[PDB]
Amino acid sequence: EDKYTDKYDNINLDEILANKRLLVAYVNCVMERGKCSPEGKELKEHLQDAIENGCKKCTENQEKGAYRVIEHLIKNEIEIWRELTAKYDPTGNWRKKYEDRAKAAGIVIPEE
């Protein structure tokens with residue numbers, strides 16, 4: 001239950017950003033295609049509850065690791081926005097900053 005686990009509040013954030021195999025798998029899970037959503041549901045359940053409109057009261061580190069993951073995933077394959085449309089869409093407040101960066105860099109959703 002919450003606990004402290006390794007370092008600050010992070011769910012093996014490493015394995016999720018270690019390679020597209022996991023970053024994509026999770027991103028694919030966000031689409032609830034099958035045998036993926038439920039699996040990553042833990043990370044999505046803990047994320048939506050923490051990151052973004054979920055735990056504004058939380059410390060702050062989470063916000064850092066997140067953005068870092070947003071900047072990394074953004075360039076990794078800007079699949080983020082894709083997951084955003086599938087989840088965290090109604091939010092449209094925090095990710096806005098996460099997207100603003102993609103504007104300064106150029107890396108934007110591969111919308112055809």
# chains A, B, ... in the order shown; residues from 1 in each chain; ligands from 1

$ select_by_dssp --residues "chain A" --states "alpha helix (DSSP H)" --output "MDAnalysis selection string"
chainID A and resid 13:17 20:30 37:50 61:77 80:86 95:105

$ residues_around --residues "stretch 51-60 of chain A" --least-positions-apart "3" --cutoff "12 Å" --atoms "only C-alpha atoms" --output "compact mmCIF listing (two decimals) with N, CA, C and O atoms, in the first residue's frame"
# COMPACT_ATOMS: atom_id res chain seq x y z
N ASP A 2 1.11 1.80 -1.19
CA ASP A 2 1.93 3.00 -1.33
C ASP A 2 3.39 2.72 -0.99
O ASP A 2 4.26 2.78 -1.86
N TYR A 8 12.25 7.37 -4.71
CA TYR A 8 10.99 8.04 -4.48
C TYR A 8 9.83 7.19 -4.99
O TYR A 8 9.94 5.97 -5.08
N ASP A 9 8.73 7.84 -5.31
CA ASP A 9 7.55 7.15 -5.82
C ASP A 9 7.68 6.87 -7.31
O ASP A 9 7.49 7.77 -8.14
N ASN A 10 8.00 5.63 -7.65
CA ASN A 10 8.15 5.23 -9.05
C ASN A 10 7.95 3.73 -9.21
O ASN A 10 8.54 2.93 -8.48
N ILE A 11 7.12 3.35 -10.18
CA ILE A 11 6.85 1.94 -10.44
C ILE A 11 7.78 1.40 -11.52
O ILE A 11 7.47 1.42 -12.70
N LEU A 43 0.20 0.14 -13.41
CA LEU A 43 0.98 1.34 -13.66
C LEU A 43 0.06 2.49 -14.07
O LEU A 43 0.31 3.65 -13.74
N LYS A 44 -1.01 2.15 -14.80
CA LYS A 44 -1.96 3.16 -15.24
C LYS A 44 -2.87 3.57 -14.09
O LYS A 44 -3.33 4.70 -14.02
N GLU A 45 -3.10 2.63 -13.17
CA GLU A 45 -3.93 2.89 -12.01
C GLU A 45 -3.17 3.74 -11.01
O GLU A 45 -3.73 4.64 -10.38
N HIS A 46 -1.88 3.45 -10.87
CA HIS A 46 -1.03 4.20 -9.95
C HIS A 46 -0.61 5.53 -10.56
O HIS A 46 -0.40 6.52 -9.85
N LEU A 47 -0.51 5.56 -11.89
CA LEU A 47 -0.13 6.77 -12.60
C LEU A 47 -1.26 7.80 -12.58
O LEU A 47 -1.09 8.91 -12.09
N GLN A 48 -2.41 7.41 -13.13
CA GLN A 48 -3.56 8.30 -13.18
C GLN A 48 -3.93 8.79 -11.78
O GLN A 48 -4.49 9.88 -11.62
N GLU A 63 6.44 14.18 -10.63
CA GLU A 63 6.29 15.09 -11.75
C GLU A 63 7.55 15.11 -12.60
O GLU A 63 7.48 15.16 -13.83
N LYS A 64 8.70 15.07 -11.94
CA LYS A 64 9.98 15.08 -12.62
C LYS A 64 10.15 13.81 -13.44
O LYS A 64 10.28 13.86 -14.67
N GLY A 65 10.15 12.66 -12.76
CA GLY A 65 10.30 11.40 -13.46
C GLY A 65 9.33 11.27 -14.61
O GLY A 65 9.66 10.68 -15.64
N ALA A 66 8.14 11.84 -14.44
CA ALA A 66 7.13 11.79 -15.48
C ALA A 66 7.58 12.59 -16.70
O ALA A 66 7.79 12.03 -17.77
N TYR A 67 7.75 13.90 -16.52
CA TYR A 67 8.19 14.76 -17.62
C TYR A 67 9.38 14.13 -18.32
O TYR A 67 9.40 13.98 -19.54
N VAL A 69 10.12 11.15 -18.53
CA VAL A 69 9.61 10.04 -19.29
C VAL A 69 8.78 10.53 -20.48
O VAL A 69 8.67 9.84 -21.49
N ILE A 70 8.22 11.73 -20.35
CA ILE A 70 7.43 12.29 -21.43
C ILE A 70 8.33 12.82 -22.54
O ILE A 70 8.01 12.72 -23.72
N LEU A 84 -2.39 9.43 -24.78
CA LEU A 84 -3.14 10.51 -24.18
C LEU A 84 -4.56 10.54 -24.72
O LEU A 84 -5.52 10.70 -23.96
N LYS A 87 -6.16 7.74 -23.12
CA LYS A 87 -6.26 7.90 -21.67
C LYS A 87 -5.68 9.25 -21.25
O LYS A 87 -4.76 9.76 -21.87
N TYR A 88 -6.24 9.83 -20.19
CA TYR A 88 -5.79 11.13 -19.69
C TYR A 88 -6.19 12.26 -20.64
O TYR A 88 -5.77 13.40 -20.47
N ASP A 89 -7.02 11.94 -21.63
CA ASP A 89 -7.49 12.94 -22.59
C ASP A 89 -8.28 14.04 -21.90
O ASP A 89 -7.93 15.22 -21.99
N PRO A 90 -9.38 13.68 -21.20
CA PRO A 90 -10.23 14.65 -20.50
C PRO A 90 -9.42 15.63 -19.65
O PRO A 90 -9.85 16.76 -19.42
N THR A 91 -8.25 15.20 -19.20
CA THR A 91 -7.39 16.06 -18.38
C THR A 91 -7.03 17.34 -19.13
O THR A 91 -7.54 18.41 -18.81
N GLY A 92 -6.17 17.21 -20.14
CA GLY A 92 -5.77 18.36 -20.93
C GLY A 92 -5.38 19.56 -20.08
O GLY A 92 -6.00 20.62 -20.17
N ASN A 93 -4.36 19.39 -19.25
CA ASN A 93 -3.89 20.46 -18.38
C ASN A 93 -2.41 20.30 -18.07
O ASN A 93 -1.63 21.25 -18.17
N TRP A 94 -2.02 19.09 -17.68
CA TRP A 94 -0.63 18.79 -17.36
C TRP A 94 0.14 18.42 -18.62
O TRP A 94 1.18 19.01 -18.92
N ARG A 95 -0.38 17.45 -19.35
CA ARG A 95 0.26 17.01 -20.58
C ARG A 95 0.46 18.18 -21.54
O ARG A 95 1.32 18.13 -22.41
N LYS A 96 -0.33 19.24 -21.36
CA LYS A 96 -0.21 20.42 -22.20
C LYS A 96 1.23 20.90 -22.19
O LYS A 96 1.78 21.26 -23.23
N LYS A 97 1.84 20.87 -21.02
CA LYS A 97 3.23 21.27 -20.88
C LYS A 97 4.10 20.21 -21.55
O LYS A 97 5.08 20.52 -22.23
N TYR A 98 3.70 18.96 -21.36
CA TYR A 98 4.41 17.83 -21.95
C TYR A 98 4.37 17.92 -23.47
O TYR A 98 5.29 17.45 -24.15

$ atom_distance --atom1 "atom CA of residue A:41" --atom2 "atom CA of residue A:7"
21.7 Å

$ residues_around --residues "stretch 108-112 of chain A" --least-positions-apart "2" --cutoff "6 Å" --atoms "only C-alpha atoms" --output "PyMOL selection string"
chain A and resi 78+102+106

$ residues_around --residues "residue A:107" --least-positions-apart "4" --cutoff "9 Å" --atoms "only C-alpha atoms" --output "list in words"
residues 74, 75, 77, 78, 101, 102 and 103 of chain A

$ closest_residue --among "A:71, A:20, A:34, A:40" --to "residue A:105" --atoms "only C-alpha atoms"
A:71

$ atom_distance --atom1 "atom CA of residue A:3" --atom2 "atom CA of residue A:86"
29.0 Å

$ atom_distance --atom1 "atom CA of residue A:22" --atom2 "atom CA of residue A:104"
26.6 Å

$ decode --residues "stretch 85-107 of chain A" --atoms "N, CA and C atoms" --output "PDB file, in the first residue's frame"
ATOM      1  N   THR A  85      -4.704  10.378 -26.028  1.00  0.00           N
ATOM      2  CA  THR A  85      -6.023  10.377 -26.645  1.00  0.00           C
ATOM      3  C   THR A  85      -6.842   9.198 -26.135  1.00  0.00           C
ATOM      4  N   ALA A  86      -6.153   8.105 -25.819  1.00  0.00           N
ATOM      5  CA  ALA A  86      -6.810   6.905 -25.310  1.00  0.00           C
ATOM      6  C   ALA A  86      -7.028   6.991 -23.800  1.00  0.00           C
ATOM      7  N   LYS A  87      -6.163   7.739 -23.120  1.00  0.00           N
ATOM      8  CA  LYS A  87      -6.259   7.905 -21.674  1.00  0.00           C
ATOM      9  C   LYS A  87      -5.684   9.254 -21.250  1.00  0.00           C
ATOM     10  N   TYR A  88      -6.244   9.831 -20.191  1.00  0.00           N
ATOM     11  CA  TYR A  88      -5.786  11.129 -19.693  1.00  0.00           C
ATOM     12  C   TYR A  88      -6.195  12.261 -20.636  1.00  0.00           C
ATOM     13  N   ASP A  89      -7.023  11.942 -21.628  1.00  0.00           N
ATOM     14  CA  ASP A  89      -7.486  12.937 -22.588  1.00  0.00           C
ATOM     15  C   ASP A  89      -8.285  14.041 -21.897  1.00  0.00           C
ATOM     16  N   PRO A  90      -9.380  13.682 -21.198  1.00  0.00           N
ATOM     17  CA  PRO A  90     -10.226  14.652 -20.498  1.00  0.00           C
ATOM     18  C   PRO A  90      -9.419  15.633 -19.654  1.00  0.00           C
ATOM     19  N   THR A  91      -8.246  15.202 -19.198  1.00  0.00           N
ATOM     20  CA  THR A  91      -7.388  16.056 -18.384  1.00  0.00           C
ATOM     21  C   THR A  91      -7.033  17.337 -19.134  1.00  0.00           C
ATOM     22  N   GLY A  92      -6.170  17.212 -20.139  1.00  0.00           N
ATOM     23  CA  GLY A  92      -5.767  18.365 -20.927  1.00  0.00           C
ATOM     24  C   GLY A  92      -5.382  19.559 -20.077  1.00  0.00           C
ATOM     25  N   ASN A  93      -4.358  19.389 -19.249  1.00  0.00           N
ATOM     26  CA  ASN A  93      -3.890  20.465 -18.382  1.00  0.00           C
ATOM     27  C   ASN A  93      -2.408  20.301 -18.066  1.00  0.00           C
ATOM     28  N   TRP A  94      -2.023  19.089 -17.683  1.00  0.00           N
ATOM     29  CA  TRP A  94      -0.633  18.795 -17.356  1.00  0.00           C
ATOM     30  C   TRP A  94       0.141  18.424 -18.615  1.00  0.00           C
ATOM     31  N   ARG A  95      -0.380  17.448 -19.350  1.00  0.00           N
ATOM     32  CA  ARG A  95       0.259  17.006 -20.578  1.00  0.00           C
ATOM     33  C   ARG A  95       0.455  18.175 -21.537  1.00  0.00           C
ATOM     34  N   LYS A  96      -0.332  19.237 -21.356  1.00  0.00           N
ATOM     35  CA  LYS A  96      -0.211  20.417 -22.203  1.00  0.00           C
ATOM     36  C   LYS A  96       1.231  20.903 -22.194  1.00  0.00           C
ATOM     37  N   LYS A  97       1.845  20.874 -21.017  1.00  0.00           N
ATOM     38  CA  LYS A  97       3.235  21.270 -20.882  1.00  0.00           C
ATOM     39  C   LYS A  97       4.102  20.210 -21.546  1.00  0.00           C
ATOM     40  N   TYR A  98       3.705  18.956 -21.355  1.00  0.00           N
ATOM     41  CA  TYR A  98       4.407  17.827 -21.946  1.00  0.00           C
ATOM     42  C   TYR A  98       4.372  17.919 -23.469  1.00  0.00           C
ATOM     43  N   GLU A  99       3.307  18.521 -23.996  1.00  0.00           N
ATOM     44  CA  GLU A  99       3.147  18.674 -25.438  1.00  0.00           C
ATOM     45  C   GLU A  99       3.867  19.921 -25.937  1.00  0.00           C
ATOM     46  N   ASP A 100       3.794  20.996 -25.156  1.00  0.00           N
ATOM     47  CA  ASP A 100       4.442  22.252 -25.520  1.00  0.00           C
ATOM     48  C   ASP A 100       5.886  22.019 -25.952  1.00  0.00           C
ATOM     49  N   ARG A 101       6.572  21.127 -25.246  1.00  0.00           N
ATOM     50  CA  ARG A 101       7.957  20.808 -25.557  1.00  0.00           C
ATOM     51  C   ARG A 101       8.083  20.259 -26.970  1.00  0.00           C
ATOM     52  N   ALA A 102       7.210  19.317 -27.305  1.00  0.00           N
ATOM     53  CA  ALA A 102       7.214  18.709 -28.629  1.00  0.00           C
ATOM     54  C   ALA A 102       7.068  19.764 -29.720  1.00  0.00           C
ATOM     55  N   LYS A 103       6.631  20.960 -29.335  1.00  0.00           N
ATOM     56  CA  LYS A 103       6.460  22.048 -30.288  1.00  0.00           C
ATOM     57  C   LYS A 103       7.785  22.765 -30.509  1.00  0.00           C
ATOM     58  N   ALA A 104       8.551  22.913 -29.436  1.00  0.00           N
ATOM     59  CA  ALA A 104       9.848  23.568 -29.508  1.00  0.00           C
ATOM     60  C   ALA A 104      10.868  22.660 -30.186  1.00  0.00           C
ATOM     61  N   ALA A 105      10.701  21.353 -30.000  1.00  0.00           N
ATOM     62  CA  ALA A 105      11.603  20.378 -30.589  1.00  0.00           C
ATOM     63  C   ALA A 105      11.148  19.982 -31.991  1.00  0.00           C
ATOM     64  N   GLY A 106       9.839  19.819 -32.161  1.00  0.00           N
ATOM     65  CA  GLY A 106       9.296  19.436 -33.448  1.00  0.00           C
ATOM     66  C   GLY A 106       8.652  18.067 -33.406  1.00  0.00           C
ATOM     67  N   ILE A 107       9.175  17.206 -32.540  1.00  0.00           N
ATOM     68  CA  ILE A 107       8.656  15.856 -32.383  1.00  0.00           C
ATOM     69  C   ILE A 107       7.187  15.885 -31.973  1.00  0.00           C
TER      70      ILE A 107
END
